[PDB]
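Just follow the structure's listing: the first ligand is 1, and inside any ligand the first atom is 1. Sequential numbering from 1 along the given sequence is applied to the chain's residues. Side-chain atoms are counted along with the backbone in the values below, which use heavy atoms only and exclude waters and symmetry mates.
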Amino acid sequence: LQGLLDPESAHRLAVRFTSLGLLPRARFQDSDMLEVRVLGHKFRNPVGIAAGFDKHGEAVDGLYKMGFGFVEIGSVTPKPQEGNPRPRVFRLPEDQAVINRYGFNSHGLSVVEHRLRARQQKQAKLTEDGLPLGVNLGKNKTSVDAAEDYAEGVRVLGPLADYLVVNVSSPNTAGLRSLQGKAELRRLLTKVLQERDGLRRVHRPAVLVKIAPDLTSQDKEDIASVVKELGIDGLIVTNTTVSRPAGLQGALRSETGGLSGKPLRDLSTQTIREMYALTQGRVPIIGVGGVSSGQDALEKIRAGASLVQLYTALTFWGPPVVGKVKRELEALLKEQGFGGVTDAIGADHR
Ligand SMILES: Cc1cc2nc3c(=O)[nH]c(=O)nc-3n(C[C@H](O)[C@H](O)[C@H](O)COP(=O)(O)O)c2cc1C
Ligand SMILES: CCOC(=O)c1sc(Nc2ccc(C)c(Cl)c2)nc1-c1ccccc1
Ligand SMILES: O=C(O)c1cc(=O)[nH]c(=O)[nH]1
């Protein structure tokens, strides 16, 4: 509740209620129009919950009950760490936006591993039922070897994930976004893919890279190049922005951190559009940033996303926004002549 609670307290409460299943199960049932097959899995609908809401994998099942077609947990760092001092998250209600600088507060790999192991066979059934699980990997603040942090994550949580996310676009960890550079990115992902390939086949996840919305045209070309060279399975586009677009009204607009929500929407859609084209439409993209409606989702899908995620809209509109986005997405697909989600992926480019 934006009234009583500060944002971080509201978030903890949200996670708690969601994990305890206290919310009613969604009434909207998914039509076959919403089904997507990508990353070696079936997704019953293309609307997922973005990393950062369930950082430690405490609410996964509550999130499916909420109606998401897939769930991404994380980011998870190898060792536990508390992240930045409070306050570190801020509401900009006049912008339908949020700024955060958590800094990878994480329970760490071991705790998350044990937590996911407790429901591992339950998740295997959910996945076969079209409800996949992603795990987002981060790096410890004081870590000396970034690649080794990610390698650890691949080894410990890779066996429990349908897909893994190499998060190299968080704005709240010194030096992390420079891992998006060509030489550094190639070296890092080579190591990550090696570790992933060393896992037993039924425990072998797709590997995706999550990139910033603040990249130069050169960064983007280089990333597409490396992605195609190493055979990375996909891209998550995008993380929060360190920019502050003209027009922000919120009093807290000059807080340090990453901006999410509606002011990020089109910046993120344009990044999807550019990455889809640079990768010739052969690399699956999960579109994320300021989705709050069916139209927002469909614009990202037409720009090239096969899947979409939201987080910040859930801050202003609560759980109903999930059904709303799915219902509108279906209505818009019919209106514009698409048989389903799959036919609309990349349609803007044709
Ligand atoms: C409070 C908060 C925490 C987040 N934490 C993470 C994170 O730990 N790892 C990550 O890859 N993205 C994180 N994100 C980014 C979201 O996953 C998403 O990329 C971004 O917020 C844009 O989507 P949105 O506008 O729907 O919120 C976080 C976002 C917010 C608002
Ligand atoms: C106004 C709603 O309260 C919030 O601000 C909320 S509300 C929310 N999701 C959420 C989840 C479950 C319930 C029952 C409700 Cl109701 C909301 N998440 C946040 C939040 C998350 C991260 C940072 C800040 C806030
Ligand atoms: O932990 C963070 O603060 C965080 C990570 C991330 O990937 N994106 C974000 O906006 N914040």
Side-chain angles (χ1 to χ4, degrees), residues 1-24 47-56 59 62-63 65-66 72-77 81-84 87-93 95-106 134-139 141 165-173 176-177 208-213 236-242 256-269 271 286-292 296-297 300 308-322 325:
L1 188 29
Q2 293 180 62
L4 276 66
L5 301 174
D6 72 289
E8 182 153 2
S9 297
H11 179 234
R12 306 174 72 95
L13 190 149
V15 178
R16 187 70 160 268
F17 277 23
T18 302
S19 73
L20 298 174
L22 300 190
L23 309 184
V47 173
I49 178 67
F53 177 78
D54 190 9
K55 274 179 182 293
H56 327 290
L63 288 168
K65 183 177 173 176
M66 195 170 294
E72 185 175 302
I73 60 143
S75 293
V76 193
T77 59
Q81 63 176 44
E82 291 185 46
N84 288 320
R88 46 203 186 158
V89 53
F90 307 90
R91 288 188 276 235
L92 287 57
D95 304 298
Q96 289 176 69
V98 165
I99 292 177
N100 83 86
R101 49 170 181 266
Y102 271 103
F104 286 162
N105 54 311
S106 173
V135 173
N136 185 308
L137 299 173
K139 144 180 189 289
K141 182 182 188 177
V165 186
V166 178
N167 181 11
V168 291
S169 54
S170 172
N172 303 314
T173 287
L176 197 101
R177 285 171 300 148
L208 293 73
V209 179
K210 187 170 185 173
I211 69 182
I236 301 192
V237 184
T238 67
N239 215 316
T240 54
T241 175
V242 293
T256 279
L259 177 73
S260 67
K262 153 96 150 289
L264 169 71
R265 196 187 47 205
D266 286 22
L267 185 50
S268 162
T269 297
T271 310
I286 301 181
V288 51
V291 174
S292 327
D296 302 340
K300 279 174 164 45
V308 302
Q309 290 166 332
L310 54 91
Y311 181 3
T312 303
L314 204 64
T315 284
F316 302 103
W317 306 129
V321 78
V322 189
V325 171

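- Those atoms of ligand 1 that come under 4.0 Å of a heavy atom in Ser260, given as number and element, are 21 (O), 25 (O), 27 (O), 31 (C).
- At least one heavy atom of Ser170 sits less than 4.0 Å from an atom of ligand 3.
- Applying the 4.0 Å criterion to heavy atoms of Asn167 picks out, from ligand 1, the atoms 9 (N), 10 (C), 11 (O).
- Taking a cut-off of under 4.0 Å to the non-hydrogen atoms of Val288, the atoms of ligand 1 that pass are 18 (C), 19 (O), 22 (C), 23 (O).
- Contact atoms of ligand 3 toward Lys55: 1 (O), 2 (C) (distance under 4.0 Å to a heavy atom of the residue).
- A heavy-atom separation below 4.0 Å is found between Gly103 and ligand 3.
- Aromatic ring orientation, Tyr311 versus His11: tilted (interplanar angle from 30° to 60°).
- Residue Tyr102 has at least one heavy-atom neighbour below 4.0 Å for each of these atoms of ligand 3: 1 (O), 2 (C), 3 (O).
- In terms of protein heavy atoms, atom 8 (N) of ligand 3 is closest to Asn239 OD1, 2.8 Å.
- Among all non-hydrogen protein atoms, the one lying nearest atom 1 (O) of ligand 3 is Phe104 N, 2.7 Å.
- Within the listing of ligand 1, atoms 26 (O) sit less than 4.0 angstrom from a heavy atom of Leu310.
- Heavy-atom contacts of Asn100 reach the following atoms of ligand 3: 2 (C), 3 (O), 4 (C), 9 (C), 10 (O), 11 (N) (cutoff under 4.0 Å).
- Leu92 places a side-chain heavy atom less than 4.5 Å from the side chain of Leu259.
- The contact set between ligand 1 and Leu264, taken as ligand atoms under 4.0 Å from a residue heavy atom, comprises 22 (C).
- Atoms of ligand 3 found under 4.0 Å from any heavy atom of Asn167 (numbered from 1 in listed order, with element): 6 (C), 7 (O).
- Within ligand 3, the atoms closer than 4.0 Å to a non-hydrogen atom of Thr240 are 9 (C), 10 (O), numbered from 1 in the order shown.
- The side-chain heavy atoms of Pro213 and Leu264, taken from C-beta on, include a pair separated by under 4.5 Å.
- The N/O atoms of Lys55, backbone and side chain alike, include one that comes under 3.5 Å of an N/O atom in ligand 1.
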Any protein N/O atoms within less than 3.5 Å of an N/O atom in ligand 2? List the atom names and distances, or say none.
from, atom 1, to, atom 2, distance (Å)
ligand 2, 3 (O), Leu1, N, 3.2
ligand 2, 5 (O), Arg91, NH1, 2.5

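- Atom numbering of ligand 1 starts at 1 in the shown order; those under 4.0 Å from a heavy atom of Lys210 are 10 (C), 11 (O), 12 (N), 15 (C), 16 (C), 17 (O), 18 (C), 19 (O).
- Here atom 16 (C) of ligand 1 lies nearest to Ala51 when heavy atoms of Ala51, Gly74, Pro7 are compared.
- Remark: the backbone N or O of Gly289 is paired with a side-chain donor or acceptor of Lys300 at under 3.5 angstrom.
- For ligand 1, the atoms sitting less than 4.0 Å from at least one non-hydrogen atom of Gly290 are 24 (P), 25 (O), 26 (O), numbered in the order shown with element in parentheses.
- Atoms of ligand 1 found under 4.0 Å from any heavy atom of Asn239, numbered from 1 in the order shown, are 11 (O), 12 (N), 15 (C), 19 (O).
- In terms of polar-atom proximity, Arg101 is not counted as a contact of ligand 3, lacking any N or O under 3.5 Å from an N or O of the ligand.
- Contacts with ligand 1 closer than 4.0 Å are made by heavy atoms of both the backbone and the side chain of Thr312.
- Side-chain contact check for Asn167 and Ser169: at least one donor-acceptor pair (N or O, by modelled atom type) lies under 3.5 Å.
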